[PDB]
Amino acid sequence: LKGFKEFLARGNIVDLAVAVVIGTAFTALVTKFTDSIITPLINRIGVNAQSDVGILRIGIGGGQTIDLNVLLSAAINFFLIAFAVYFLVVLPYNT
Amino acid sequence: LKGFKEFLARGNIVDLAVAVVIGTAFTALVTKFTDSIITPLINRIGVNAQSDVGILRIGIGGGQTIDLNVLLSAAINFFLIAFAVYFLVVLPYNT
Amino acid sequence: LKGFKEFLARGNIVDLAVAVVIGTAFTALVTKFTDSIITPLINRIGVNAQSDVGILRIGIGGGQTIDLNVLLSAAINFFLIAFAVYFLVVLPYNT
Amino acid sequence: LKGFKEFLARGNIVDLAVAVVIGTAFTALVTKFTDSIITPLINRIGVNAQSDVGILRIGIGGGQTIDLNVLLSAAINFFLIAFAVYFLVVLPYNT
Amino acid sequence: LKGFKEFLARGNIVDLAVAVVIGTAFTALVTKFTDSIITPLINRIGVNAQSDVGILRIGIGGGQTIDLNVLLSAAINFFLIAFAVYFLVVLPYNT
């Protein structure tokens with residue numbers, strides 16, 4: 001048990017490994033928040049995806065989509081991350 | 001060996017590259033748990049996702065889901081990462 | 001709320017853990033900017049991927065694709081991340 | 001070329017970015033080893049996840065699987081990243 | 001306007017968050033080159049999916065797979081992450 005446990009507490013490895021444990025975790029509470037709740041409110045939009053033809057010589061030549069409104073949800077991803085975390089850092093810490 | 005091994009041991013490229021190797025590995029364990037186990041208990045819930053009528057100008061007109069309960073399985077994703085790391089990594093360090 | 005929200009703010013666990021909240025959340029606005037808008041414009045290219053005849057022991061032995069231009073949309077992926085990170089973040093900081 | 005190739009050698013960007021270039025790169029060799037070689041021996045466990053009768057008010061009424069295979073595979077996702085980083089990076093460094 | 005683009009620039013976040021921007025985007029370009037130029041050549045090899053038998057008592061029991069050269073589709077990006085970075089980022093820096 002010595003090799004793994006006692007090397008843990010040193011230096012910046014505990015400041016960081018658990019910190020990218022916070023970067024991926026919280027931004028999933030809040031991204032999967034965007035894209036499950038809101039991106040369907042952004043999938044009711046639909047006006048996008050003006051038809052496109054790409055004739056692949058391997059035979060995919062019916063049509064394609066140039067679909068824009070998930071870019072609209074890509075800001076719903078970033079902003080509400082940057083809203084769910086912007087509230088919690090400013091209130092107890094930034095002051 | 002010289003170009004790689006010698007410039008292996010330096011600086012933060014270990015405390016910081018290996019530390020985003022603890023981030024993914026521990027949060028590819030516990031997140032892959034959250035949806036292996038809990039989300040289909042939350043997907044047993046199901047009563048979510050009242051339909052969302054989005055008529056694409058490309059021609060998909062059946063229907064869409066404003067699909068909630070994987071959001072509920074994202075709080076399950078942020079919370080239960082923050083407890084499995086609160087005991088293995090925090091209880092023998094913070095104490 | 002005490003042991004949690006006040007161990008919140010000490011050291012590099014705020015600067016680093018949310019900089020990867022900014023690592024994933026910022027690029028997702030601009031990566032998905034390049035994949036909903038551009039990669040479909042790069043699906044109009046379509047030329048690349050002359051077939052590959054490759055069998056498996058399961059048995060898939062019809063045809064493969066040796067497909068390039070998403071390499072040519074992965075490059076559009078790295079570049080505009082660099083442009084969008086250079087404008088809102090670096091242009092007010094490099095000054 | 002001066003704004004790019006002289007702001008790079010400053011501070012910790014080289015030690016920190018190339019690091020998360022190491023972080024994701026290395027576990028991309030190890031987590032996929034987990035899930036390509038082993039996770040499908042873990043789907044050879046087979047008997048997991050007795051059907052989960054979940055009533056959706058919206059249209060799915062046949063069954064739900066809650067597969068513990070991929071949790072036990074996530075245990076193969078965190079244990080096996082630990083060995084690959086301990087042998088190539090730590091044995092000549094911890095010594 | 002102010003509190004955003006002026007608290008933006010302080011400390012290491014314009015390093016760190018843009019440095020993990022470097023960790024997200026660079027590995028993605030080299031890995032999709034690895035996934036699009038190369039997967040074809042690698043799915044021509046067919047080392048993957050050696051037939052296996054895993055009895056789901058929940059009803060997938062026809063034939064299974066144990067993917068071996070998806071391990072071989074992964075080594076190609078980890079090393080090429082370590083090869084594409086060495087020419088663009090390292091050779092004018094290590095000098």
# chains A, B, ... in the order shown; residues from 1 in each chain; ligands from 1

$ select_by_dssp --residues "chain C" --states "strand (DSSP E)" --output "JSON, numbers by chain"
{"C": [51, 52, 64, 65]}

$ write_last_selection --atoms "N, CA and C atoms" --output "compact mmCIF listing (two decimals), in the first residue's frame"
# COMPACT_ATOMS: atom_id res chain seq x y z
N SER C 51 -11.92 3.71 -52.35
CA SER C 51 -12.29 2.54 -51.55
C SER C 51 -11.05 1.78 -51.08
N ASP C 52 -11.20 1.09 -49.96
CA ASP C 52 -10.20 0.15 -49.50
C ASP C 52 -10.91 -1.19 -49.40
N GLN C 64 -14.36 -0.53 -47.86
CA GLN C 64 -13.96 0.44 -46.86
C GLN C 64 -13.81 1.80 -47.52
N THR C 65 -13.49 2.81 -46.71
CA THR C 65 -13.26 4.17 -47.16
C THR C 65 -11.93 4.62 -46.58

$ closest_atom_pairs --of "chain C" --to "chain B" --cutoff "12 Å" --atoms "only C-alpha atoms" --output "Markdown table"
| residue | atom | partner | partner_atom | distance |
| --- | --- | --- | --- | --- |
| C:3 | CA | B:94 | CA | 10.0 |
| C:4 | CA | B:86 | CA | 9.7 |
| C:7 | CA | B:94 | CA | 9.3 |
| C:16 | CA | B:16 | CA | 10.6 |
| C:17 | CA | B:23 | CA | 10.5 |
| C:20 | CA | B:20 | CA | 10.2 |

$ write_last_selection --atoms "N, CA, C and O atoms" --output "CSV table (one decimal), in the first residue's frame"
chain,number,residue,atom,x,y,z
C,3,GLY,N,-17.3,22.3,5.2
C,3,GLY,CA,-16.1,21.5,4.7
C,3,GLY,C,-16.0,21.5,3.2
C,3,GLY,O,-14.9,21.2,2.7
C,4,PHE,N,-17.1,21.8,2.5
C,4,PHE,CA,-17.1,21.8,1.0
C,4,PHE,C,-16.8,23.1,0.4
C,4,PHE,O,-15.8,23.3,-0.3
C,7,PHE,N,-13.2,24.7,1.7
C,7,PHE,CA,-12.0,24.0,1.0
C,7,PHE,C,-12.0,24.3,-0.5
C,7,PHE,O,-11.1,23.9,-1.2
C,16,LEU,N,-6.8,26.3,-11.7
C,16,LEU,CA,-6.5,25.2,-12.7
C,16,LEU,C,-7.8,24.4,-13.0
C,16,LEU,O,-8.0,24.1,-14.2
C,17,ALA,N,-8.7,24.1,-12.0
C,17,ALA,CA,-9.8,23.2,-12.3
C,17,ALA,C,-10.9,23.9,-13.1
C,17,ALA,O,-11.6,23.2,-13.8
C,20,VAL,N,-9.7,24.3,-16.9
C,20,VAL,CA,-10.1,23.2,-17.8
C,20,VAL,C,-11.6,23.1,-17.8
C,20,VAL,O,-12.2,22.4,-18.7

$ calpha_fit_rmsd --fixed "chain B" --moving "chain C"
0.7 Å

$ select_by_dssp --residues "chain D" --states "helix (DSSP H, G or I)" --output "PyMOL selection string"
chain D and resi 2-5+13-42+69-90

$ write_last_selection --atoms "C-alpha atoms" --output "mmCIF file, in the first residue's frame"
data_model
loop_
_atom_site.group_PDB
_atom_site.id
_atom_site.type_symbol
_atom_site.label_atom_id
_atom_site.label_comp_id
_atom_site.auth_asym_id
_atom_site.auth_seq_id
_atom_site.Cartn_x
_atom_site.Cartn_y
_atom_site.Cartn_z
ATOM 1 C CA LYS D 2 7.004 36.936 -33.390
ATOM 2 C CA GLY D 3 3.720 37.085 -31.482
ATOM 3 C CA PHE D 4 3.369 33.303 -31.749
ATOM 4 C CA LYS D 5 6.935 31.999 -31.357
ATOM 5 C CA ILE D 13 2.461 27.093 -21.322
ATOM 6 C CA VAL D 14 5.046 24.641 -22.727
ATOM 7 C CA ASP D 15 5.166 22.592 -19.506
ATOM 8 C CA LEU D 16 1.377 22.641 -19.048
ATOM 9 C CA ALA D 17 -0.036 22.384 -22.573
ATOM 10 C CA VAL D 18 2.319 19.697 -23.843
ATOM 11 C CA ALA D 19 1.394 18.021 -20.555
ATOM 12 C CA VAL D 20 -2.344 17.841 -21.273
ATOM 13 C CA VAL D 21 -1.140 16.874 -24.716
ATOM 14 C CA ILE D 22 0.523 13.984 -22.839
ATOM 15 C CA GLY D 23 -2.460 13.377 -20.575
ATOM 16 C CA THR D 24 -5.055 12.777 -23.297
ATOM 17 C CA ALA D 25 -2.576 11.220 -25.725
ATOM 18 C CA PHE D 26 -1.299 8.535 -23.368
ATOM 19 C CA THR D 27 -4.624 7.356 -21.967
ATOM 20 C CA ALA D 28 -5.934 7.320 -25.547
ATOM 21 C CA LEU D 29 -3.462 4.426 -25.987
ATOM 22 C CA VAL D 30 -4.458 2.831 -22.665
ATOM 23 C CA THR D 31 -8.190 3.422 -22.268
ATOM 24 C CA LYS D 32 -8.778 2.138 -25.801
ATOM 25 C CA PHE D 33 -6.655 -0.902 -24.966
ATOM 26 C CA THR D 34 -9.095 -1.251 -22.064
ATOM 27 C CA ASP D 35 -12.216 -1.016 -24.197
ATOM 28 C CA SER D 36 -11.080 -2.731 -27.394
ATOM 29 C CA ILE D 37 -9.293 -5.745 -25.912
ATOM 30 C CA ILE D 38 -10.955 -6.253 -22.545
ATOM 31 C CA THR D 39 -14.344 -4.509 -22.277
ATOM 32 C CA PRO D 40 -15.524 -7.064 -24.911
ATOM 33 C CA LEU D 41 -14.244 -9.859 -22.694
ATOM 34 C CA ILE D 42 -16.272 -7.969 -20.113
ATOM 35 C CA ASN D 69 -20.286 -4.858 -17.913
ATOM 36 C CA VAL D 70 -19.144 -1.351 -18.701
ATOM 37 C CA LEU D 71 -18.731 -0.470 -15.017
ATOM 38 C CA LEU D 72 -16.505 -3.532 -14.568
ATOM 39 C CA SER D 73 -14.872 -2.324 -17.786
ATOM 40 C CA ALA D 74 -14.425 1.131 -16.216
ATOM 41 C CA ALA D 75 -12.612 -0.666 -13.419
ATOM 42 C CA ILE D 76 -10.414 -1.880 -16.280
ATOM 43 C CA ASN D 77 -10.329 1.772 -17.359
ATOM 44 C CA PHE D 78 -8.782 3.160 -14.146
ATOM 45 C CA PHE D 79 -6.610 0.242 -12.980
ATOM 46 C CA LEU D 80 -4.868 -0.203 -16.330
ATOM 47 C CA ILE D 81 -4.026 3.463 -16.850
ATOM 48 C CA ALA D 82 -2.255 3.218 -13.469
ATOM 49 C CA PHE D 83 0.188 0.544 -14.675
ATOM 50 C CA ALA D 84 1.136 2.147 -18.008
ATOM 51 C CA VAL D 85 2.065 5.458 -16.373
ATOM 52 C CA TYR D 86 3.854 3.746 -13.434
ATOM 53 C CA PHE D 87 6.173 1.696 -15.679
ATOM 54 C CA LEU D 88 7.259 4.118 -18.450
ATOM 55 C CA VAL D 89 7.333 7.375 -16.464
ATOM 56 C CA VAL D 90 7.905 6.428 -12.793
#
